[PDB]
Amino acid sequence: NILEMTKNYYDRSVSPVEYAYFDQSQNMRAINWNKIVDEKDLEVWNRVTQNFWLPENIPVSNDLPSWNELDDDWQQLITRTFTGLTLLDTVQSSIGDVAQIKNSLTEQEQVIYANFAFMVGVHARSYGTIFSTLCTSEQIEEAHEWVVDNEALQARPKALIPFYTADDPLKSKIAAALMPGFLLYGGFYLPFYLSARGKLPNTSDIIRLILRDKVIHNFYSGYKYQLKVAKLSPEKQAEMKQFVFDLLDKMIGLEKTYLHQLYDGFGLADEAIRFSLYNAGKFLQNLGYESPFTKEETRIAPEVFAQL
C-alpha cells in the first residue's frame, strides 16, 4: 500500500489570476519558483531578463551623418514605417501580452508575459529615442497623422485585437504569436536594407535588440499554443489548424496591401513582401505546422539576411 498522509497543496489550490477570473472554489497558492512544472519557462525567463536593454544604451547620435545623406522622401518613409511599428508594439504591450497572463498553463508563464508586456513597451519607446535624435518635430507629428489616417495600416491591428478581448484563449494565443512572428517583419526589412548599404548602423543595432526579444516571444507563444492544442480531439485540432491558416491568409492579404502602399514608390514592395512571407513560414513552423510558401516568393538578398 502507498500511505498518502496529506494532499499536495498545488492540486487543491489555484493561482491568484485563476481565482480572479475562473475559479474561487479553493484558496490561492503563491508562485513556486523552487518546484517548476516546465523547465522551458525557467529557460525563457532567464534569457529574456538577462537580455534586458534600454534604447539609451545605443549611441543613435552616431547615425546623424548617414541620416543626413538620406533624401527627405527616405527620412519620411523611415519615420512613417517606425511609427507604424510603434503602433503594433503599443497594441501588443497594452493589450496582447497582458491578455495572455490569465490563460497561462503555468505560474512562471504569468510572470514571463508580464516581462513581454514591459519589453514590447521598451521596443515602442526605442522608436521614440531614434526620432528624438534624428527627426524634426514636424517629421514626428506628420508620421503620427499618417498612421491615424492610414486605413490599410489600421486594418492589421484592428483584425487581431478582437481575439485578445474575446474569451477563446487559443485564438488569443495565435494572435499573440502572429504579432512578433509575422506582422512587424515587413517594417524591419527597411532598416536591414539600409544598414546592408551602410546607412544607419546604430539604428539597426536597436532593431536587432528588438528582434532578440521578438524571436523568443514568437517561439514561446507558439510552444504554449502547441501544448494546449495537442490536448484537443483530432476534429478540434483540424478546426484550429484551419483557423490558423485562414487568419494568416487574411493577415498576409492586409499586410501586402499596406506594404505596396508603403514601398511601391521606392521599389522595395516585392522585396519587403518576400521578407514578410519568409517569416510567415517560420511563424507556421513555430506553431507546429508546415510552410506552404515557395522558395521564389520568400527569397531574401544575402546582405539583408546577414543583417537578420
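Note that residue numbering begins at 1 and tracks the sequence as displayed. Each form is matched to the other, and the largest set of C-alpha atoms that superpose within 1.5 Å is called the rigid core.
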On a core superposition, give the stretch, 26-34 or 264-272, with the larger average C-alpha separation from this form in 8 other deposited structures of this protein (RMS over structures and residues). 264-272
Residue range whose averaged C-alpha B-factor is higher in the record, 26-34 or 55-63: 55-63
Check the entry's C-alpha temperature factors for 153-161 and 233-241, then say which stretch has the higher mean. 233-241
Quick check on the deposited entry: does the C-alpha B-factor of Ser276 sit in the lowest, middle or highest third of its chain? middle
Give the position of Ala20 by CA B-factor within its chain, expressed as the lowest, middle or highest third. middle
Among modelled residues of the same chain, the CA temperature factor third for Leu287: highest
Based on the deposited C-alpha B factors for this chain, I'd like to know if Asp213 is in the lowest, middle or highest third. lowest
By the record's CA B-factor, is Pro169 among the lowest, middle or highest third of residues in the chain? highest
